[PDB]
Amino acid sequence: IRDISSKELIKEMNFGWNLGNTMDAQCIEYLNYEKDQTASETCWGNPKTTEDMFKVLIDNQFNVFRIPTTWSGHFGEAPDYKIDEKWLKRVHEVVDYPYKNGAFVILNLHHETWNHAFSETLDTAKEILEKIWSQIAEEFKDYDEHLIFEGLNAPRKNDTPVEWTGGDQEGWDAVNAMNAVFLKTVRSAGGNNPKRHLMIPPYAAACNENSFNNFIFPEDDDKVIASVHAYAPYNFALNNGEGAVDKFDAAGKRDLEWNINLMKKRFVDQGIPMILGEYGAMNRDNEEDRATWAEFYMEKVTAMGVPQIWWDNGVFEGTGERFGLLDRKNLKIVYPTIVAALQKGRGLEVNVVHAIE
């Protein structure tokens, strides 16, 4: 393991891709994990992951891969919360796809049922968090700096009015406590873990003033990174209801600038490394505008040394969220001008490989 700062290491990051709706797919109720502890990987309609999916993306200069992973349903009870071995082994396999090919990999805790930002459940959540991250840190203890741990995804007060608006004091307290537990746990684990780079999100990982202003970030730990998700401008990118737009317009452009400036103000200008662990714009039969939007977003986080990771859920059509970029089945980039835009805005040579016909 190199003994490098997060800020130095981040300089090796081009831009990234999420294996979304895969190891994060949560079908605890629909499936029977007891009977098949790895079936959840394909429960949201994505094929079982192969090394060849990563290699197509690496051919496109993507070199950071986030593997959102939902652990809930795959571990036992108190007090050990022992992670099922078949699940841990398959997570390991999926991590090695990018890792063995020389890229960055982020492994997290994703759609967990037990780590919501409420004070009634917090003691228990800390306990689970300590037990879960110990096991994970042990399993991967000899992995080098390319393997990054993101402690929690978007912890928040699920199903309340403040779930998404950036929280309240209860939620902020809960998130900051869970983050400290994660950091402590991994820092005191064996192998390279004391030197491993660690991501921690603000409340809901939201690009939001409420979350930003109440986010506690460690002092004198050079190897910690702030995790933000920012599907901005939401109208263009993520909105499926009433004010949705399919053009990247001047209001879109100004809403995105404003969010990028909030990140800049909170993180970059304060000497804190951050990664945009998720962002995307849904397919609205509008590849041209997504291309313009993608290059613009990428130029501006690049202009400030912040890498971003496309959220790819494998979904291209229908009325849910259509964030697919790689067709994992035929191994094609479906929206080649969007990859060209990521390359161009990162300052790389444009070269789109495996473009669909």
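When you see a residue number, it is the position in the sequence shown, counting from 1.
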Looking at the entry, does 56-64 or 33-41 show the higher mean C-alpha B-factor? 33-41
For the higher mean C-alpha B factor in the entry, choose 193-201 or 227-235. 193-201
Residue with highest C-alpha B-factor in the PDB entry, from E150, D246, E219, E257: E219
Using the entry's values, work out which of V105, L276, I83, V94 has the largest Cα B factor. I83
Could you say whether, by C-alpha temperature factor, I28 belongs to the lowest, middle or highest third of its chain? highest
Modelled-residue ranking by C-alpha temperature factor, third containing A154: lowest
Chain third (lowest, middle, highest) by recorded CA B-factor, residue given as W164: lowest
Relative to the other modelled residues of the same chain, rank the CA B-factor of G252 and answer lowest, middle or highest third. lowest
For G271, return the chain-relative third of its C-alpha B-factor as stated in the PDB record: lowest, middle or highest. middle
